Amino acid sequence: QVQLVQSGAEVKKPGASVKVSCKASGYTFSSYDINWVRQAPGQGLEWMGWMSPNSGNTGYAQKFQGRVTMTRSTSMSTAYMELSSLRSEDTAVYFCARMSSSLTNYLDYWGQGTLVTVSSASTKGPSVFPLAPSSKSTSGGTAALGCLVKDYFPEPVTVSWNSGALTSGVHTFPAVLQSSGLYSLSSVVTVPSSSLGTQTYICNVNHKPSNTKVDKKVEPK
């Protein structure tokens, strides 16, 4: 099997540069051109250019001519793509693909993609608040309680419940990017209303990009 293994995610502030890698596996690196495709979040694919590992020559789309550099390392079979003068419009998953042997030109094998996020928000740990349960959150036999993970950057954030033991009924919702640029998510668990005083509910929050781990007890009102 031919495999295209890219590099990890990157978070950059506007005006910076990014250098994504792509290691090729089960073929002859020098026998196939490497093309780079780009995909904005929930949007179409945008082609960037082609690199010939043998010759090292390139060909870029005019949209990127002057801000993109596509290089290679023969020794360790790795193609590199470098975008400079980044802006938020360059927030996208950046894809690595092998062009076919057929001059027909189809991309037969792709890569996992590298997410680079361009924003001016700086790393901030989340402020965590308890969303306390009320008898107005119940369905007679089961209420709802949660933790609000407010104002953080960048993603991701991890939420567990009661030391990673409460797993049945957890629902951690996808985050929202606000106008300020900071993220906020919520994590809610639907819990029997015969045990609001019988058992306690702690919520564990982790934001590794800021080394911020927080525990919040959720008592009723």
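Just count from 1 along the sequence shown to find any residue number.
Undergrad: Could you check which stretch, 70-78 or 98-106, carries the larger mean CA temperature factor in the entry?
TA: Between 98-106 and 70-78, it is 70-78 that shows the higher mean C-alpha B-factor.
Undergrad: Between 148-156 and 165-173, name whichever shows the higher mean Cα B factor according to the PDB entry.
TA: For C-alpha atoms only, the mean B-factor is higher in 165-173.
Undergrad: From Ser127, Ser85, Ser135, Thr91, pick the one with the largest CA B-factor in the entry?
TA: Answer, based on the entry's C-alpha B-factors: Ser135.
Undergrad: Return the residue from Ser186, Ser55, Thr190, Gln39 that has the highest Cα B-factor in the entry.
TA: The listed residue with the largest C-alpha B-factor is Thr190.
Undergrad: Within this chain's modelled residues, let me know which third the CA B factor of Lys12 belongs to: lowest, middle or highest.
TA: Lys12: CA B-factor falls in the middle third of its chain.
Undergrad: Quick one: classify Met51 as lowest, middle or highest third of the chain based on its Cα B-factor.
TA: For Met51, the deposited C-alpha B-factor lands in the lowest third.
Undergrad: Among the modelled residues of this chain, does the Cα B factor of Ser30 put it in the lowest, middle or highest third?
TA: Top third by C-alpha B-factor.
Undergrad: Could you place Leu196 in the lowest, middle or highest third of its chain by Cα temperature factor, using the values in the record?
TA: It falls in the top third of the chain.
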